[PDB]
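Next up, structure tokens for two forms of one chain, structure 1 and then structure 2.
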Structure 1
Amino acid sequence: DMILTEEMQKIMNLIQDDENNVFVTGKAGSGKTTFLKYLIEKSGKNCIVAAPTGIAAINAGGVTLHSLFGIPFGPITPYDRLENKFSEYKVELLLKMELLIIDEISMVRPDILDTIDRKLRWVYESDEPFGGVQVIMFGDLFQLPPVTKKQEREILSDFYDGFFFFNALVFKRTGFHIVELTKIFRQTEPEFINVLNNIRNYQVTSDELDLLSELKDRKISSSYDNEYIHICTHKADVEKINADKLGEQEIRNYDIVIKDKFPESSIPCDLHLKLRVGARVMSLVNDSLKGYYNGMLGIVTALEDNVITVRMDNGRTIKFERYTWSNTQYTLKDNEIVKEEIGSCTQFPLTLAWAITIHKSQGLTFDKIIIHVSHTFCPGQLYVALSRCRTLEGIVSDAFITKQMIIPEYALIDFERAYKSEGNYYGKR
């Protein structure tokens, strides 16, 4: 099924030289996550996969950056004392790590990368950036940026020119190639692709916003008994919609089981899943053999002790059983890095889905969406919402989309221009 595009080939070609660090990014729905999974499978026996959040790490089959490197919470400046001592076994592990793959790099503050650099140089007793470890980073700055507090920006401001990962001081001493994936798979309509790619970059014309005006529809947007999913900025609004529609009549509760070490912030499913016949639900896992994917929507038709029957919007009925997620850590076996399970959790891979937040929609595909617009969108939020849908016809909004809803981050525009001007490379050569 998978196509290896010229851009994907370029990435694989670059990493044949173990001195090359690489940032892989791409337009919405261009195969970043799929290609990450491909690269990991090809990445050999001294590779560690990490991500900045627990759910992202579980999804990637890796570990959190915080656990791997013992990173404290909050901003660390280059001058803050790093005394966090690793265990002997952790040191032995890191000394065998030849390649570090980081997913969702776009949400990582620059000081995090500098702390990783510092700790690896400490472990390797070396002046070489990252202790000489090869680094491959995947993300999308235009969809999934960091969220920072004012106090955090104020601490970092004396040391950093900006608050994205590429602002890390380590990139005065090393650098990375960039490959952007530009073949879009999710959308197929050139007109839709063109407006999405313009919105992505805040190069959109107030004149394209007319094409989007036809998406506004009061009746559909105010309906909750269709097969649209309501995409909202705020968790509280999503919770209210799902709770209101769930109601209190004939509800069944299904409790999570957690075994051993599995931090709550890593748990990707509901702790106490409450459903009824007729509830709109979304699948949380990819299982091609069983005929569902992460993000697939349906309606509950039956509830039993160990099976939840759901008629999916594609017409297929699926008997969902409980799914088990595995929490791992890396260890050594001989001189090779291997994974070991340290905990697990078990629950039906379903969640209520009349509504979803923009944040929880990240990376997912939908056929029919209702976008609840906001006059206080943050950068990338409208783009993420629109780019969830396969086709223009599947999108409805509750009000006209306007230029006020597209907030630019000019640092990102400048970054893109900078690396392109240097042969798709950023930092020290």
Structure 2
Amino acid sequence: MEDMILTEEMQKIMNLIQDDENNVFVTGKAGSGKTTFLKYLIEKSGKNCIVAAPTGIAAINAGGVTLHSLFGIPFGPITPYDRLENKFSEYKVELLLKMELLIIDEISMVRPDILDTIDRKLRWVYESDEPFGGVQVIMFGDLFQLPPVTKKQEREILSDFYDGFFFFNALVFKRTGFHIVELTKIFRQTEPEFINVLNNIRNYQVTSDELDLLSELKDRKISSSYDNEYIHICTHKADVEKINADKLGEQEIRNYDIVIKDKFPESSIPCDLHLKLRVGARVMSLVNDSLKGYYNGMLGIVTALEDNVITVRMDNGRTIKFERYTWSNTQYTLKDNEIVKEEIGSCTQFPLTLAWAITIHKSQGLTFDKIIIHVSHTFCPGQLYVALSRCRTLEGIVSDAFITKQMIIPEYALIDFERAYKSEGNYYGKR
């Protein structure tokens, strides 16, 4: 990227990371430039960086590696007194010993014990008492997107040792801490009234006027149809697959298989395994290409299907000839005494997926012009905030049922964290 804007908030982060004793939590809503600024921070860093993330898909998109493979972490809850098989290769040890700056993306998807397992592993390899073995730690993510639901079993094992199931509850943050910088510029568009409604909801300050706006979002006619430009945002996987497949149909179906090359983790695959399409299918772009003119999350309609090209007319009116795309699975090594990346696998497939409907989970980090919210009549803190936040404006939202005050379920663990650091020098943990 070459026309990137350097905001005062981004420079504040760069100012902070100069002092290599400073850890930093970089946060902000979808569209506030976290992924782009991450890349900038990489390039403009005089330090051997490693980028890691808690899922393969997020690792791949950030150009990094999973936390579990980087540090050899067993899958499952781990107390501070569960003993680790600290078996690392001589190369992994040498690599970790050259890491000066660890960057964790999607920090809010990191279950807290994993940070502590990481702190322990680094202390063992550095033979030090300093948290994370003295390595500087930068963390990127939206504080207000919930992590994976805690499985009934992890719940029981871990509650004896932790106060909460958010990343800042890691025990290491009694021994170290971090500055917080929220990115507040939304580059795609700037919408005060909508942004203020989202914030009022997440802070449980909804005014009676705002409660009335939510009521007017209901529209049975629009929300029960599938031929408009609205995308159905639903919580459950089954509902989205039902809607997408129902609309796809069985007549004149074209199939495109994923091509795997060398070593690629199944759960890191960010595309369809068997992309099935037809002329007129509603689809979403999965990757960004500024020169070709599409971005991750752009919606369009298939108009032509050939062997190696899928022609799509996007919502903005442009026709685009999509070709297959190759995601690279990389890992870090040492070239001399410098950390570099090396490809160990790839997968190849058209970067499009059916998009009459998308899950709340698959749409993490995306915004759309027009959404139909399916009210999750269950409950759980923060659901309605997440669903509303999938839109770019207030006027673009439609609901399948009336939105009532009781559907606003606040997450007080998060409100307390925000208000506590905002009044403690934008810093959390030990000084």
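Superpose the two forms; the largest set of C-alphas matching within 1.5 Å is the rigid core. Structure 1 provides the reference sequence; residues are numbered from 1 along it.
Colleague: Choose, among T34, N46, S67, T53, the residue with a C-alpha displacement of 2 Å or more between the two structures when the rigid core is used for superposition.
Modeller: Residue with a C-alpha shift of 2 Å or more: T34.
Colleague: With the core lined up, does the C-alpha of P268 move 2 Å or more between the two structures?
Modeller: Stays below the 2 Å threshold, so no.
Colleague: Would you say whether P145 is displaced between the two structures, judging by a C-alpha shift of 2 Å or more on the superposed rigid core?
Modeller: The answer is yes, as the C-alpha of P145 shifts between the two structures by 2 Å or more after core alignment.
Colleague: Could you check, with the core superposed, whether the Cα atom of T182 shifts 2 Å or more between the two structures?
Modeller: Superposed on the core, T182 moves its C-alpha 2 Å or more between the two structures.
Colleague: Superpose the two forms on the rigid core, then give the C-alpha shift of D207 between the two structures in Å.
Modeller: A shift of 4.2 Å at the C-alpha.
Colleague: Can you read me the CA shift for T25 between the two structures, rigid core superposed, in Å?
Modeller: The shift comes out to 1.1 Å.
Colleague: Aligning on the rigid core, what is the distance the CA of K403 moves between the two structures, in angstrom?
Modeller: So the C-alpha of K403 has moved 2.4 Å between the two structures.
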